[PDB]
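**Q** give the three-dimensional model of this entry:
(5 chains)
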Amino acid sequence: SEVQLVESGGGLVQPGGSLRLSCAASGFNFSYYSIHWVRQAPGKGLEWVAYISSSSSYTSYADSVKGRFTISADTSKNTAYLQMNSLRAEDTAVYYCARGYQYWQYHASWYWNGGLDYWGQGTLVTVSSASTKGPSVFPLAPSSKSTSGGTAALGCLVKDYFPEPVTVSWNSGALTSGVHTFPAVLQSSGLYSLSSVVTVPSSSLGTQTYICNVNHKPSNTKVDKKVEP
Amino acid sequence: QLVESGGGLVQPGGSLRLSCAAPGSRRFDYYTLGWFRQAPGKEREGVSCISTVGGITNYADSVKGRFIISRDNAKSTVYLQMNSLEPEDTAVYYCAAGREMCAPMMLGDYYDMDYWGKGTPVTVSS
Amino acid sequence: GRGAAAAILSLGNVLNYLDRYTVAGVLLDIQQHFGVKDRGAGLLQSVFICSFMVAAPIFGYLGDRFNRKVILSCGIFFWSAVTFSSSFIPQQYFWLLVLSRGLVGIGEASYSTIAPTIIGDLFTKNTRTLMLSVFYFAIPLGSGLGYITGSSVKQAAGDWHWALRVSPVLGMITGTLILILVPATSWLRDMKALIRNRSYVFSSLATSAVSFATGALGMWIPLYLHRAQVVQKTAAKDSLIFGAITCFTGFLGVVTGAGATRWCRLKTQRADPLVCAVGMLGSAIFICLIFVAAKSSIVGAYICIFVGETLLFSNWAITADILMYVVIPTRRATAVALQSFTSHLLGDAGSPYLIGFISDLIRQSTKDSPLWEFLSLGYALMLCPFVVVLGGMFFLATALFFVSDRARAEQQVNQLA
Amino acid sequence: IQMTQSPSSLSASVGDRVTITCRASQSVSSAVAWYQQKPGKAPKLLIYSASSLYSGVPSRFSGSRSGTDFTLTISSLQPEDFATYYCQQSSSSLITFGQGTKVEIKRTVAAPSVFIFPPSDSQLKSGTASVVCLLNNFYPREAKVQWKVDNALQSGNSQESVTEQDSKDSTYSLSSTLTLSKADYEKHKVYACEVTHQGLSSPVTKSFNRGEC
Amino acid sequence: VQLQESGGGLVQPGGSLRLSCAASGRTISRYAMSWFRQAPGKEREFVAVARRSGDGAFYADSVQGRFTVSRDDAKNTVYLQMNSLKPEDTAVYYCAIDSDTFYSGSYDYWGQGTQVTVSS
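**A** Residues are numbered from 1 along each chain as shown, chains lettered A, B, ... in the order given. Coordinates below:
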């Protein structure tokens, strides 16, 4: 049997609360290995978070969370649990659980450093105070100022949606070349926004009709719009 | 428990000696001696074991002719000597104590050992 | 699909040991109802153990060739029905009660042999031991519950008869639930070796001595205490107290022995037989004081029996370790089974009958009075300390040859492997 | 307790030599590990103990020590090897990670094409003036965009977004959004987006006159 | 702070030339520079850019595989080698300095340039 680590417990939580994450392991003896919890912010590097060994006598936390997190284990079901208390805004991230070596502290030195070998897939954790809302779509219409070299660009702007993702297309899949979609960007209010831009030959602006089409699943909406000067 | 000492970094073709000792007045002459190893991506396999009375030793197949294990219960120590290391041997070594008898095909049973150590690392560079 | 099997088989073993000692706690009544003497009073347990001894290996064999759920259900129903029907015999027959005990022995042996194989095969390497231990913790609890149930029901109803009719119906339940919950799953050459292993022979004889002591005392003591309370003009709580003591003592010994081993294994390599011998001699010293304490004060007798029971059961968890320390692996299946047979052939097969025979032969040459009945039983039971002391010397004798035996064993295993 | 890696973004073609340096301040001097990570997937262990090669990793990777710095090296770069690489240290009851370096694909320099996108009628309907300035089909990544509102430099109220590398043309595209209230928008006459980049011999500006048609 | 360019002139088709650019009063160890060209009747266009040590050097669309740019921090000098020259390469070449530390392209300091004629 191959080694598998599965995370569970992700989702959305308001500020001031708490949550519980679980890492379940299968395919190896639990008592000879340690368990690490690691996190990644959407746009930054990795940051070590927590450490637990099998016998609950060796546990450790990083400086940025000292006092807020608690860590525990259960060897009857091969499970590890991390309890997060007093969350804030800077905690939105993706979490992974990985396998240690169960005594890395005693024999880490000048020349060994060991390593973490088997990782899982991780779960997403969002901390925001907004409520669900539907996107608004606006046009970005071409003109003489958007025509250069025989090609003119035009777009549609999707604003104020939560949470991600949204799916965007043009003319129900008719146009497949020269379409650029922009990654979601956060704002000061707490909602997302993006825009889509395409390029077409100038003379083609004479007759063909271009429809921006937006599908948003959680709020159950599908919107069409036409972009003409 | 037990205490293991030695360990470090060696070049290929070298040799290295580790020791495993019982602190204090404890004796471990009933039966207590075998060596195990573990690597960063493979399961824990046994390397060698030595018996109570007659000095009978048994090794694993991948390490025959390169390792030697020795016992000395006048000073409560056990020694392991390694020659002709290769980049494949980079791993952590452990000392363990149990009751079953030194025999072929009993090396790999690491679920019945009574006392375990904490282990020391050996690294081979190039 | 596993926890239910574990629980049901555990309760089955508790019933197994609860339906052996219901005879003892009412023994005084049977002797009067049927017009028999002590010589016939011991015959019941003697015949029971003889039947169990002859029965167990055969069902051990058949357990590997037909299905096992069927055999468990058939055996439990068999001894339940026989023990229910035996309680209706009239006052002019005794061989019918003897035959009843024989049949109950056959059924109990069936169950006791075939349960452990299932409860072991339905689990893996790391967790087998915990549930096997929970299974085996049914011995002392059922042993005490035997006396307690017999005395309580007999006192409550007003006739000893219903003492043998409350248990079977509960068995009648279990006989169905195992058919519902649990899922289906060259010895001669060995002998020429085992009898040449000195530690094995001496340990077997020592365990035989322990079995002699346990069987005799466990059957007979409550009647002795009744006669004591009568002669001193102080007189049935007697059967209850004893039961309680058992339900505790069996645990303490099994702990203390183990603990005293883990220390002495770190100062030398002769730990196990030395611990057992010291405990056994201490047990003899305290046991031989019951027969002097009973003639002055009864609480002293109870304290003495408590200490004796504690020190006597210490070697219950050590002899298996010796056997697996001095025998090559591919013989263990043989080397275990033989021992158990021998442990019954010189032990509980003929102990209670012999005690009764000596007591009757003493009494036939003296006047019939309560006092001389007391003295007859008391003088007869004096053989138990003698045999305990003899077993202690046997453990010393195995402690001598322990090391050479281990050396030979390692040489054999490596030569074969 | 923090390390430094250099360089933070390096570009190299297929078939060249790549070297990355992780410099430490903690007292191990040989205890750093190396990890690889691709967009949207969990990271994989690549080298441990600073010299040893993990089970299954391709042989072209190598690692070594020099002074108090550590080096990771790829000799024959392949199309399946564009990702982010990390160095790990462990000094005490803490374990720390680095900052990562990224490897990209190189080509010939291409100037951006600049467009200005004014508010739409529906955008002005709700009172949020969202003006977009678009840069298309350029290389390399670094390029500076500046907003001018009636000859004034404005800052602190704009956001930027850049895309990944194109799968066919290997170029980037940038979108800068400036957000104002309707009242703030109505108080001006001329807006301008200015961009400066390596391939531009002079900064190029595009202008927009409010209300003109 | 001054900038001196040299090495221009007339060359036969297919030849090679080594232009040199030198700076005075400014340290070029921590800055980047660029080469441009201006044809008669055409606007000045990109040729190549040279960054700090360890950051490589970038070339333009037209002359990829023919031109090379290099630095000499000891003498505060940069060099540009042109090979496989053609008659159309006739133009005035210019050397410029970027003032921003992160390679944003702030060309504040310009040079006089030099003539490059290819004919036979």
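
**Q** show me the contacts for the spatially most central residue of chain E.
**A** Among the residues of chain E, the one closest to the centroid is residue E:35, at 2.9 Å (C-alpha atoms, centre = their mean). Residue E:35 makes contacts with E:19, E:21, E:47, E:48, E:49, E:69, E:80, E:93, E:94, E:95, E:96, as judged by C-beta atoms under 8 Å, 6 or more residues apart in numbering or on different chains. The C-beta positions use only the backbone N, C-alpha and C, and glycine is treated the same way.

**Q** without its sequence neighbours, what residue ends up closest to it?
**A** residue E:47 (4.3 Å; C-beta to C-beta, 6 or more residues apart in numbering or on different chains).

**Q** do the same with residue B:5
**A** With C-beta to C-beta, 6+ apart, the residue lying closest to residue B:5 is residue B:19, at 5.0 Å.

**Q** phi, psi of the residue nearest to residue E:35?
**A** Per-residue torsions, residue E:47: phi -120, psi -60 (degrees, to the nearest 10).

**Q** what sits against it?
**A** Here residue E:47 is in contact with E:34, E:35, E:36, E:37, E:59, E:60, E:63, E:67, E:80, E:93 (C-beta under 8 Å, 6+ apart).

**Q** ok, now how distant is the fourth one from residue A:221?
**A** Taking C-beta to C-beta, to the nearest Å as the measure, residue E:37 falls 55 Å from residue A:221.

**Q** who has more neighbours, the two?
**A** A direct count of neighbours by other C-beta atoms under 10 Å in any protein chain shown for residue E:37 and residue A:221 places residue E:37 higher, at 21 against 14.

**Q** did I read that right, the more buried one in a strand?
**A** Yes. Under DSSP: H, G, I helix; E, B strand; the rest coil, residue E:37 falls within a strand.

**Q** please, where are all the helices along chain D?
**A** Secondary structure of chain D by DSSP state H: the helices cover D:121-126, D:182-186.

**Q** so whichever residue of chain E sits closest to chain B, which of the three states?
**A** Nearest to chain B, among the residues of chain E, is residue E:54, at 27.2 Å (C-beta to the nearest C-beta). Under three-state DSSP, the three-state class of residue E:54 is coil.

**Q** quick one: residues contacting it.
**A** residue D:7.

**Q** list the contacts of stretch A:24-32.
**A** Taking C-beta under 8 Å, 6+ apart as the rule, stretch A:24-32 contacts A:1-8, A:35, A:54-55, A:75, A:77-80, A:99, A:102, B:38, B:43-44.

**Q** next, the distance between the ends of it.
**A** 15 Å (C-alpha to C-alpha, to the nearest Å).

**Q** show me which residues of chain A sit near chain B.
**A** Applying C-beta under 8 Å from any C-beta of the partner chain, we find that chain A lies next to chain B at A:28, A:32, A:101, A:103, A:106, A:107, A:109, A:111, A:112, A:114, A:115, A:117.

**Q** what about the fifth one, how many residues nearby?
**A** What that stands for is residue A:106. 11.

**Q** pretty sure it sits in a strand.
**A** No. With three-state DSSP as the criterion, residue A:106 is located in coil rather than a strand.

**Q** let's verify the residue most central in space within chain B: helix, strand, or coil?
**A** Chain B has residue B:35 as the residue nearest its centroid, 2.3 Å off, counting by C-alpha atoms, centre = their mean. At residue B:35, secondary structure determined by three-state DSSP is strand.

**Q** residue D:11 versus the residue of chain E closest to chain B, what's the distance?
**A** 12 Å.

**Q** who are the neighbours in contact with the residue minimising distance to the centre of chain D?
**A** Here the mean C-alpha position of chain D is nearest to the C-alpha of residue D:141 (C-alpha atoms, centre = their mean), at a distance of 6.9 Å. Residues counted as contacts of residue D:141 (C-beta under 8 Å, 6+ apart) are D:9, D:162, D:172.

**Q** any quick ChimeraX command for the buried ones out of these?
**A** Burial among the contacts of residue D:141 is assessed by 16 or more other C-beta atoms under 10 Å in any protein chain shown; the matching ChimeraX selection reads:
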select /D:172
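
**Q** the strands in chain E, which residues?
**A** E:2-6, E:9-11, E:17-24, E:32-38, E:45-50, E:57-59, E:67-72, E:77-82, E:91-98, E:107-109, E:114-118 (DSSP state E).

**Q** contacts for the first one, please.
**A** Outside strand E:2-6, the residues that touch it by C-beta under 8 Å, 6+ apart are E:19-25, E:93-95, E:97, E:109-114.
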